Every structure is written in structure tokens, then in C-alpha cells.
Amino acid sequence: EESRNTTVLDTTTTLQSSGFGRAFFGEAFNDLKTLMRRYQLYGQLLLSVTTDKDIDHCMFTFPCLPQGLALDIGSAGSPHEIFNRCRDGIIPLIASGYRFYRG
Amino acid sequence: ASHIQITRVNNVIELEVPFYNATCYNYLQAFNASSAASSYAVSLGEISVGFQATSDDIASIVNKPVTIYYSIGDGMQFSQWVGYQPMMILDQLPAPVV
Amino acid sequence: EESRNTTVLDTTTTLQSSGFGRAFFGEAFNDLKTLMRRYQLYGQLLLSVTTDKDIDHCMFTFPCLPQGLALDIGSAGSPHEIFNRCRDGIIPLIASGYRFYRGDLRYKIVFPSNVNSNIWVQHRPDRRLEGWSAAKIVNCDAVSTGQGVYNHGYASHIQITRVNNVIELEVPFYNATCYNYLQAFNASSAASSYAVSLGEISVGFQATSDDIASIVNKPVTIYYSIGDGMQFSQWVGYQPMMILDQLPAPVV
Amino acid sequence: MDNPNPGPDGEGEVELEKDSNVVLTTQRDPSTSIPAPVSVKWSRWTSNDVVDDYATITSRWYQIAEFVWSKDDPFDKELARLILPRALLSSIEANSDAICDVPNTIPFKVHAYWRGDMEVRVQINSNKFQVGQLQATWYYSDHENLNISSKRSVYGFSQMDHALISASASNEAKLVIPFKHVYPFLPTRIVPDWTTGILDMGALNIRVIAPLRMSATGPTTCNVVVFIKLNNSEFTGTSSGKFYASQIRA
Amino acid sequence: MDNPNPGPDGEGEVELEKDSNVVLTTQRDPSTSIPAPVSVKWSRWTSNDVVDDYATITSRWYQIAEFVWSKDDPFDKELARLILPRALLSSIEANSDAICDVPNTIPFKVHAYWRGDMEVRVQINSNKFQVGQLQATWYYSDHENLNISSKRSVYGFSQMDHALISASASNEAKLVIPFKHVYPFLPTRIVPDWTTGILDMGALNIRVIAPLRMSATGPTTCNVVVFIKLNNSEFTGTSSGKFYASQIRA
Amino acid sequence: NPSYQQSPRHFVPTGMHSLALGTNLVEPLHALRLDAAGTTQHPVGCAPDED
Amino acid sequence: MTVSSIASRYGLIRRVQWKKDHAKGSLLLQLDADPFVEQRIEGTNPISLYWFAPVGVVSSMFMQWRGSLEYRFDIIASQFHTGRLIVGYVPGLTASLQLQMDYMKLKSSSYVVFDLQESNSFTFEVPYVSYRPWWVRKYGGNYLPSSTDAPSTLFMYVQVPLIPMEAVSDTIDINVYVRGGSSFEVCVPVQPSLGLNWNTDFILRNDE
């Protein structure tokens, strides 16, 4: 099985816990979910009118999903450097680890 | 459901999107679709935004940036574990080159 | 030893304590640290676009350190009189007395009013400071690394200039060190480079290049104070001073 | 209260100061100065590895340095700036023999990392009729401060705590130097994160204050010797000595 | 009582044997043999000097020796005669690097005299289908007995206690060797009263008994490795390592 | 991080505190005094002779 | 969801081949003692993809980390195969010193011998040993400076060459599973140094 551990071969003396930086930085980080609640860039665009839009018209739309939108490097002519460079981002990255979500 | 920010008051709305699906819980990896029903089973829905500006005024708004942010809103719950798909190292990314 | 006192030769009658002005001005001053929390100018600049910056781009960056940035008189053509004249300032001056510090920093940046544009601010602890040179504000240009742009994981905040043109930041202490160097930092150990600045703050407008022109040469003052949690450590004597009123007149 | 009665033995009482097999003494009372409160052990936070002091050998005093101090030396004159942990080794290397040769210093040949407080005694045999004075001053992380060259003067060090040595009393200057550094540990050798400034902590330094003064026919010079106990230490990061490399010559 | 259920893990239990940072293991039960009851400390009787074990480093296991054992080896065939305290150093010297390089062995570079019990493990990976056997036998002060050359045969050593290693079981042979010697202490270097036979205690030796036997197409050879813990030791007689000299090449 | 979904307060801004008022009325300010709660104090030798 | 909850999961990270003929001195691998162990895929893409142990991935989101790691070793072998091998750990190796290594110098530092016979798998536990209470991330956002390397390096040499029966194969597959140790932990959250394979696309900003 994945998590099985046949035989430990300890050499280590006990190491003091940091409590995930609680000991130093005064705050825990072990709870990934709280980290998840920090905001992340989700998308970016320049507004671009086409038709002489009536007031009724939505300017634009998007699906609202945790996974993150399909990544947009942008055009070769106009890269969105942050995705071109700062690939993806945290929340989707953790979303990678699970097959389901609710919330 | 909808809400209206007044840019003149402030130019940043702070939305909250409720979970509404007739599902136990939605898919989380990239979604190729399959079941027609499966299509409903991903996004919480579909947000949309519109200015109340008339076409005469709308021109000012052209090519204006619109950033968007998000975070999981406390109630969020991931479920089944899955191992990661292969990664791409970032500092390994190529330089723009002179 | 330094503090030894071989033999007192008192002449003085007891003098009444003022309690550091508590007796008069209604407030103590003996606690230097509270004085430390009054804000000080930390830097100053005129915004200067180079490349047609994308929205991603940080407008500029700087190391975030208590010691104060390396002093900027400014060019002979354009002196920043306040450093040219009002040399240094208090907080660095006290920083002169210690070899270490641990704690936080407040900043409260003031943007130019005329612009409306929304403004984001990254914090990047990851960056190591490198040499006392470039302990200063820097105008990022063409993107190469992720340094020049907005970044994901780093903590960040966005003021809306239209609402208000002055952000009020708080910078957490994050180092894998006991506590950082406090005097001017020549560097040595490669590790030592991480051991100074709390990290590296950076700021970028969301303005497109078409609009960005309005922002050119606009002033941006910055302030700071030690944020209560700050703690200086080891005593060190002062390096030699330069008297201010002794400074030369502009001369007609 | 007085009534001297010098004997064949001499007269005055002699303080002892035993450590390990080393033992050393002075007639005079030491002029101690302690820059900092005693350090916490800190192994807890950064070593699974076996960690051990070797007080049986590490605590022995040893002569890191010695020198003449002639009257010729001008007022504000350094005689020495000893980066300490380095100079303990640098001195032996100056004797042109391996670190392993000295019992005090062998573990460094092995262990990668180290921590621990230092002790420094600065003995002297200035003649009584000789007159002058030396201040001694530890200074943490001296190297890291580029402006130190400006500060590095008696007026500078005087502001912080410092030992004194009158030539007249031929007083000894004891000097506690508890460990403090940005990082809890000092590597004994090149390390993946840093190489440069290896095993530095900053430097002790001995600017002259009053130059020797005397009758012109008097004993022109003086001598000073420095020993260094290395007490509540801890070693870790076991490694081949082959990885170890000679200290920078300084 | 049986019912094997081999898993991905394998099946059998594995004994541990931690010391310091070193840790090593076997599937098989060790075939211990203990020549003598544990030694008294004896520092009491012959050292004013600071005396200390360095169990943090001295107790680490280390590979003094290793070798092939081919089937070609005739019945009564030694594979090794390890004078022990010497060979711990002689081996390192055989690696052509200084004694200081190995954490286990540094104090010898310094201390003149030494005492302390030894431990020797003799691991092996003989294949199960291979058949043969090796006896291991410590022998005190072997050098001092000139007639030893006669005795030095399996019939000889067999009479005294000795470890055994079947090729078949690939059994490990553990081996306590408590200190005993005419004098309580072994010098680490040349000494005013003697030089020759420095740091000897006699020798472990591994005469082959049964030569490997196998199907002719079977794995022709076998391998053996030897580690040596050095436990309840004591060091004394502090000295410059410069006085220390390289072990006889043997 | 619970969302605070409850309705926001609903005031009316004004640019300035009253001038004519000057009695039973705390009057908020940006003190240039260093202490948050400091106040001018009269030494017993400097006591206000005149009411 | 929890940092430890993820960190406590083995991922396959390596697949050593271990032939009979290997010398007793022969090395098998020397991967670094950091969470950010690599496993390159043969991506023909200019941006090659890489497998990571989950612990490395979760580590990538943090500037700093500390604590022990664990390497389960699975010597996929019949009981009849027998062998022995060191899996030592040298603290504080700079890359220049990354070489010069042998199992024997390795023995000078902490190490663990193991005897393949009956049980065919175990788990080494890598020590955390650094001057630094935490440890800076190996990589970072696309930004090469501020990418400090690992504190120390693992090694594994064939302490006793394999001695297979004629009726079984000379080669033996060995697999290495990284996992966060119980002591393991991170702290400061920063830009992950990694990207999903979902969109392995990139655009150079050549000015031409």
C-alpha cells in the first residue's frame, strides 16, 4: 500500500516542532485551507466592445470554478506575462490534488 | 441573483458565490465532459457582468483592464485525494533573450 | 569596563525628576521604542515609465528594511533636499546603535492624487538583499524573470486610488534567522544576504500603457515605523556623526 | 588594613582559573566585560544529528595570539583584530600545522556545524613603571558592517562595553563572549548555502588607547598574550575531515 | 506455527542495531561469542590526566575490512587476521587518508593512551544455495606468542570460543571483545617505554572452515564485511597530533 | 473567515466637525502630540491663577 | 486538507536498477536531501515536465521548510537474492564536494547499512541538519537568484554486491519513495515554483 512503512531506520534525535512557524512567526500554516482563503488572480482582460451594446447587455461572462480558468498565456503578440511567467497559481495547484469539491 | 456596484462610489465589487448543484460534489480536475449531465457538474454556474453605459459613453471603457480575484470562501471542501500530474519548473522557464 | 564608575564626586543637590516631561508635557519620552513608532520618510521618487508596461508589471520595487534605504541625496541636477539637507532621520539614527533587530514594519505609502488608477502591492520575502548597494528603490523594466511582474503566492494588497490614494501596509517578520543585521550590510555569506531585509516590497499600477503616461513623474512618498513588535538587540556604539546645521549654505 | 609583609613567597594572593588540564593565573583582578546574557542551547531547533560538546578538550585554554606592544605605537592604534572562531584555527595554521594536531580544535575537522560561547583572557606583563592603556572590544559580525572601518577606532568601541588594560597595573582583561549571530550556527567548513566568511562571528579588537610612556631609559616595550576558552559549545553535522578545508589566511 | 505470508515488504523481521548516527541491520540472528567478562574502567589507577570517552563518535560503527570469499579458498584458509585497534587505523591509512578524517578515530590522533572494549560485527551476503562456513576468532596478544603460527589453524581456534558463519544461512557473526591486556592501557603512538607493536591487542582472524560449495553454475563467490563499534572506551594522555605517527602498514 | 453577509450601515458623510459648538462635546483631532492620551499639564508652580 | 496530511504520502520518485555486477563501492544514486527531488519526464517540449513527490509539490508553495524526510526503499527482489547497501547522509555538501564521494567517506557521516535477504524493503529517515532553523526553497518563481540549494545530500552505495542464484535474475529493480517525515513542516507561503501540465505553453518576449 502507498502509506505503509515496512521498517523505520531512525537516526534522528527528536527535533523540536515549530508548530508550523507558530513558534517563530506566530502563526500556523499546517491548515492548508486557511491558506486557500487568501485571494488569487483568477483572470484578466481588456474590455473590448463589439456591437453597440445596449444597457441590457452583459459586457462579458465566465464560468465560476475553483479549478481556475484554463490558463491564458495570452497571444504571442500580447502575452499575459503573469500566466506566461508566473504559471498557474496556488489554489489551482492544490486543486490538482483532488477529484471533487463542494462549497 | 445579481448585484450592482457604483463605480463612482467604488470600483471594486466583493462577491460571494453560493454552491448550487444537484450533485453530491463537482469535478475538480480539468473537465473533458462526457455525460451531458456531467456538464452541470463542474462550475458553480456562470457569472456575468455588464455596464449600464450607453454606446456613446461605452468607448471610454474600451481596452480598460479588469482584474478578477478569488478564494474559496470558507465553506469550500475538497474531497477525494488524487496524486499530482507532472509539474513544470518555473525558474527553469526561458529568458526573454536580448 | 565601560560602565564602571570608580568614584563619584557629587556636588549636586537632588534634582526633581521630570519623569521625562510627564511632569510638564504630560507624556513620558524615556521609552525610545514608542518614539520609534512615529512614522518617518523612507523614500521618495517620481514615477518613470520605461517599457510600455503590461498590467502585470510591478512599477517599482524596494527592499524593506528598518535600517533605512541607502541615503539618496539625489542627482546634483535634482537633489532630494530632504536627504541632501535633513540628513538621514531618526529611526535609522537609532538603528545605528544596534547590530540586530527582529520584528515588523509599518509603511503607509502615499500615491499621487491626480491618478485614479487602482494599485496593487506585492510582498516578496523570497528576495535576498545583496550588498548595501541596491538597498534602495528600483524601477523595474522589461520582464525577464518573474521579478518584474505581479506574482501569485506572495501576499499582496490593492488600494483603490479613486477611493483613496494612500495604502497602509504592515510587513510581517519572515526569516529563517534568529534576527537580522542592522548596520549597513556589505554581505559576505551567501546566506547572509537573506539575513537583512524583511523581504522585498513591490508596487504596480493596473494602468495600461495608453493611460500610464499620466502617471509619469508623479511623486510617491513612502513612510515607515517599526510596528510595535520590532526589537533591536545588541548594543553597538555610534559611528561618527555629521552635524547638520554645519552643512553649507546654497550660496548666492 | 595595610602592613605589607612580603615573604620569600612574595606577598600577594594569586587567583586560579582551572579548566581542563590547562590552568592559568594572574596576580591582578580581571577586568571583565560581558556583551550579552548567556545563550540558549538551540540544538533543539536544527539538528536531528548527534550533537555534542567536547568540554574535556574544547574547554582547554589555548594561545590564539600574542604580540609586543612598544611605546612607539600611536594613540588610536589597533594591535589586533581577531575574528575569533577563525583565528583559533587560523593561528594554528599560522603555526603551520594541522587543526587535528591541537586537541582543542579537532572536532572542527570533523563536525560541519558548531555553536557555543567563547571566553577570552588577555594577559599582559607590562612593567609597573610603564604607563599606557589598551581597550579590548568584541564586535559581532564585524565583517558584515561595511562602515565598520569608520567606527573601528577607540572612540567607537568605547561607547560599547569593553575591557581595559592599564600598562601600569598590568591588569588582565577577562572577556566573556556568549554566542550570538543571525543564524544559530556557524559552519566549520564550506556549506551549500554559504562559503565566504566561514566560521566568523565578528572580531575582538584591541585598539591602543594610551601609548606606553616611561622614562626614556625605561623598558621600551610590553607584551600581550591571549587565551581562549571555548565553553558551553555544541558540535554537529558529522563529516569527513577531508571535506574540511584550511581557514583563510587573514 | 508456520503459514508464511510473504508481502511486498518481504516477510521476515529485521533486527536493528543503532549506535550513534550509524545504524545497521541483519535479517539473521547474530552468532555472538564473548571471550571475557566486561572490563573494569581502570582509569582510577593510572591517570591524573583528564580522561574521557567520546561515545558520541567513538561508538559509531565503521568498516575496517571487507573481502571476497570465493569457493576457490581451501578448507583451512584464513581470509583475514585483523589486529584490531591497529587495523581500525590501518584501514583508514589504507584508504590513504588521515586518521583525523574519520570522526571515529580522531581522538587517537591526540590522546596518547587508550583503553576500552571493542565490538565486531561480521556481516555477509552468502547466497542461500551456497554452502560453506567461516569461523571467527579473537585472540589476545597474538603477536606475543611466537608459536602462534602453529596454532593459527581452524583446529586451533576451534578449541576456544568462536563465532560461526554458515554460507547457507548467511548468518551474521557478532563478536564482543572486552579489553584485556597485560598492561591496562594501549598507547596510540610511540611511547618512552615501548614503540613496537603499537596499539596491538592481538588479532581477530577468520580461518575458512568449509569452502564454498555449489552447483558449478552457481554464484561462485561470496562477500564479507566487518564493522567495529568501540564502546566503553577511555582516552587519556593529551598530546599534539604531531607526535602521532602513521600505523605500520601491515 | 465567515462571510459577513449582514447589511452595511448607511450614514451621511460630512466634511467637517462643528465649529460653533464648544461644550459637552468630545472633539476628535489629529494631535501632533506623540502620546495617544497625553495632555498639557500645569505644574503646581504654573497653576492657572485666573479662572 | 492539511499540509501534513499531504506530506505524509509517499510518491514514487526513483527507479534504480541494481545489477549483480555492481562493485561494492558502486554508487546507486545521490539525490539531494530536500523535498524538491526531481523526476524528469522525457517531455519533448522545450519545457520538460517533471514528476514530484507530493511533499515536494506542497513544499514548492513555501519559502521555508524544515524537519526530517523519509525514503521508503522497495527492493523488488526475490528472497533468494541477497545483498547489502549503505544509504548514508552527508550534511553540508557543496557541489564541488558533491563529488569526491565514495561510500567510505560517506561512512564518516551518518549512514545506514542494510541487508537484503528476507524482508526486501525498508525506510530510511533523512535527518534535518542545518545551521538554519528552517530552510529556503530550492527554486522560486521564475527568478533564478534566491534559489538556494539543498542543505545536504543523500547517497546510496552497494555495500555488498548482489549475489543472486543462477535461477534468478542478476538485475534487481529498486524503487525510492519520498515522503514528508513526521517532523516535517513548512511556513512562509510564496509563489509556487511550479506549474501544472495542463497548459505547458510559454511565450518568449523576443524583441525582434
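As written, the chains take the letters A, B, C, D, E, F and G, and residue 1 is the first residue of each chain.
Keep this in mind: contacts are C-beta pairs under 8 Å (C-beta built on N, C-alpha and C of every residue); 3 or more make two chains touch, one makes a residue touch a chain.
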In contact with chain D as well as chain G, sorted by label, we have A, C, E
The pair out of A-E and A-G sharing more C-beta contacts is A-G
By Cα centroid distance, the chain farthest from chain D is B
Taking mean C-alpha coords per chain and comparing to the overall C-alpha mean, nearest is chain G
If chain centres are mean C-alpha positions, then the most distant from chain C is chain E
Taking each chain's centre as the mean of its CA atoms, chain C sits from chain D at a distance in Å of 36
Chain-centre distance (mean CA atoms) for chain E and chain F, in whole Å, is 85
Note: chain G sits from chain E at a C-alpha centroid distance in Å of 33
Note: chain G sits from chain C at a C-alpha centroid distance in Å of 41
The positions of chain A in contact with two or more other chains are 6-7, 9-12, 15, 18, 25, 33, 36-38, 40-41, 44, 46, 70, 79, 81, 85-90, 94, 96-98
Shared-interface residues of chain G (touching two or more other chains) are 1, 9, 54, 57, 61, 64, 66, 68, 105, 108-110, 112, 114, 119, 121-122, 127-128, 131-134, 136, 140-144, 148, 183, 187-189, 191-192, 194-196, 198, 202, 205
Check: chain D positions touching at least 2 other chains come out as 45-50, 110, 183-184, 191, 193, 195, 238-242
Touching pairs here come out as A-B, A-C, A-D, A-E, A-G, B-C, B-F, B-G, C-D, C-F, C-G, D-E, D-G, E-G
Chain F residues touching chain B in their complex are 1-3, 5
Contacts from chain B onto chain G in the complex sit at residues 30, 78, 81, 83-94, 96-98
Counting only contacts in the complex, chain B reaches chain A at residues 17, 19, 24-31, 42-55, 58-59, 61-85, 88, 90, 93
Listed in rising order, chain B residues that touch chain F in their complex are 16, 73-74
Chain B residues touching chain C in their complex are 7, 10-12, 63-65, 67, 90-91, 95-96
